[PDB]
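Trainee: Once you've seen the sequence and the experimental structure below, I've got questions.
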Amino acid sequence: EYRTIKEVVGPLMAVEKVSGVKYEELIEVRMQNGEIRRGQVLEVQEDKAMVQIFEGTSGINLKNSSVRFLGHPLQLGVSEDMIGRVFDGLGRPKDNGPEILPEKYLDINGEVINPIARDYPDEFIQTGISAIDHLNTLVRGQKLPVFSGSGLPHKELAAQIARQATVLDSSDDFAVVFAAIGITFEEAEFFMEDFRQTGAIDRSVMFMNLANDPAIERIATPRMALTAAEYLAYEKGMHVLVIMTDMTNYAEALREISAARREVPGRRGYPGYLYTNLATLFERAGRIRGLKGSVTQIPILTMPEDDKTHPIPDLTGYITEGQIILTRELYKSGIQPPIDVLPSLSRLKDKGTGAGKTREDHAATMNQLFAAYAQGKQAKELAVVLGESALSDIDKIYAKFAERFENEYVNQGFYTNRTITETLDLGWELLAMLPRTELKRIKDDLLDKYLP
Amino acid sequence: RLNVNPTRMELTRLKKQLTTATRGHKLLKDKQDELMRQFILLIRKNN
């Protein structure tokens, strides 16, 4: 045990007369009044080691304090009894339930998946949302994020997807791993109250990191969830759905750590290694050859100033297959969920939708309703520039389509689970307004099969 | 140029206004080319 405290600068402190210290090693401060505070190693030198205290350095006397080095980083006490239990950002219990005897202790970092060992995601996931399951299909093993903004209803949508996520005819229940990263106590309570009231907590393992908790606590929170999701899926063979929000607060926690080490930022005031940092977490997913389990990651981040060129969504788009984008204009009109499908894309939707997958008309109706909206939206604008007199009989139907597609298709409700069957049939009803001559993408073999 | 404060948020807003402006310029000239067509047949008849 060491009682050698040399420097203390804010929540950071340095301990001299050290040996064999490692990076990100857990420490324990023994104060002059007997109070115990924990810490992590942010930097090690041969004769000294800097550590950030979680609880802070408020009231710590350097001369009469002591520090204990544990010799191990942040590990997760993993076990199968974690189902139904809610922890914090450091794996500590939060629901005050029974203790969990760890089956193993795994470091939260994880391992890099061999790209040739990775398997192709082939199974469709019914999220219950028409705007997602039909036009931006999620696949079992895909990295598909949700680009939101400050004030956009991303909390209601996060509680809806994890509640309505199910796989067809598999006869095995989906596993949900939810990880709240630096959210408020109100938004955290909204998530916890929704998982308990619907019985989804019986399928979920929740990690809850608040906003006032330390920055080093926010960085480990995604590493805690993915290590357990890695264990549930790859060690046990479960199908795991990983949900994380807000992802932006994880990046700000890296900045407080990066500035604590006096590292010069990169683009837009963020650390240079962010691309490695985000890809390390986003690529711990997908089905593995030889294993029945799978990990599905759905990050949720709010874009600063609603900018897509910001480093947080710019690098995420380079790592994840597609993106789900929410717009502030759709939310202020009453469209729930306000998911704009024009800038949203799914890089694996082709395998997810088809015969055996969902229905034969999934790919055709997607491409038909996609072009019908862009033409209907430009027609409504033509009525604003050239007046309604310039709109023909066909343009009046296209303008009526977009208006209904905004209010009846995408606007379904944060508590409305629509099956894949009810979703496709609604698209045909909205497409039944336009004459057949308008519907060109759909072949007449299937157009004469479902069109009312 | 119109007076504005330089910001990343203003850049994207002026980017969207120009795209709608450029298309609106296309549509009003189409109305200009169109009016020139129904005017010309009527004008020659009136003359």
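Mentor: Happy to help now that I have it. Residues are numbered from 1 along each chain as shown, chains lettered A, B, ... in the order given.
Trainee: Just give the closest residue to the residue of chain B found nearest chain A, not the sequence neighbours.
Mentor: Nearest residue of chain B to chain A: residue B:9, at 4.6 Å (CB to the nearest CB). C-betas here are computed from N, CA, C, even on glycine. Nearest non-adjacent residue to residue B:9, counting by CB to CB, 6 or more residues apart in numbering or on different chains: residue A:305, 4.6 Å away.
Trainee: what's the neighbour count on that neighbour?
Mentor: Using other CB atoms under 10 Å in any protein chain shown, residue A:305 is surrounded by 12 other residues.
Trainee: Correct me if wrong: it contacts residue B:8.
Mentor: Yes. Counting by CB atoms under 8 Å, residue A:305 does reach residue B:8; the two are 5.7 Å apart.
Trainee: which residues sit in contact with the closest residue to residue A:291 other than its chain neighbours?
Mentor: In space, not counting the residues next to it along the chain, residue A:291 is nearest to residue A:234; the distance is 5.8 Å by CB to CB, 6+ apart. For residue A:234, the contact set (CB atoms under 8 Å, 6 or more residues apart in numbering or on different chains) comprises A:288, A:291, A:293, A:295.
Trainee: quick check, stretch A:375-389 touching chain B?
Mentor: Yes. Interface with chain B: stretch A:375-389 contributes A:381-382, A:385-386 (CB under 8 Å from any CB of the partner chain).
Trainee: Relative to residue A:89, how far out is residue A:285?
Mentor: Note on residue A:285: its distance to residue A:89, by CB to CB, to the nearest Å, is 20 Å.
Trainee: Residue A:82 now?
Mentor: Counting by CB to CB - residue A:82 and residue A:89 are separated by 15 Å.
Trainee: what residue lies at the spatial centre of chain B?
Mentor: residue B:25 (1.7 Å; CA atoms, centre = their mean).
Trainee: Tell me if I am right that that one is in a helix.
Mentor: Yes. If the criterion is DSSP: H, G, I helix; E, B strand; the rest coil, then residue B:25 is within a helix.
Trainee: any idea how far residue B:18 is from it?
Mentor: 10 Å.
Trainee: need the residues of chain B near chain A, please.
Mentor: Checking chain B against chain A by CB under 8 Å from any CB, the hits are B:7-9, B:12, B:20, B:23-24, B:27-28, B:31.
Trainee: ok, now which ones touch the closest residue to chain B within chain A?
Mentor: Nearest residue of chain A to chain B, counting by CB to the nearest CB: residue A:305, 4.6 Å away. Going by CB under 8 Å, 6+ apart, residue A:305 touches B:7-9.
Trainee: can you pick the most crowded of these?
Mentor: Each of those was scored for neighbours by other CB under 10 Å, and residue B:8 scores highest at 14 neighbours.
Trainee: can you pull the contacts of it?
Mentor: Counted by CB under 8 Å, 6+ apart, residue B:8 has contacts A:305, A:307, A:309.
Trainee: for the second one, what are its contacts?
Mentor: If you count contacts by CB under 8 Å, 6+ apart, residue A:307 has them with A:313, B:8-9, B:12.
Trainee: the more surrounded of residue A:82 and residue A:89?
Mentor: For residue A:82 versus residue A:89, the count of surrounding residues by other CB under 10 Å is larger for residue A:89: 28 against 22.
Trainee: close enough to count as contact, that one and residue A:206?
Mentor: No. Shown here, residue A:89 and residue A:206 do not form a contact pair, counting by CB under 8 Å, at 11.2 Å.
Trainee: now the helices: where do they sit in the chain?
Mentor: Just going to use chain A. A:130-133, A:154-164, A:185-197, A:215-230, A:248-260, A:274-282, A:311-319, A:328-331, A:349-352, A:362-385, A:393-404, A:420-431, A:444-450 (DSSP state H).
Trainee: wrong chain, I was asking about chain B
Mentor: Applying DSSP H to chain B gives helices spanning B:8-46.
Trainee: neighbours of residue 45, just the number please.
Mentor: Reading this off chain A. By other CB under 10 Å, 11 other residues sit near residue A:45.
Trainee: hmm, I had chain B in mind actually
Mentor: Residue B:45 has 7 neighbours, counted by other CB under 10 Å.
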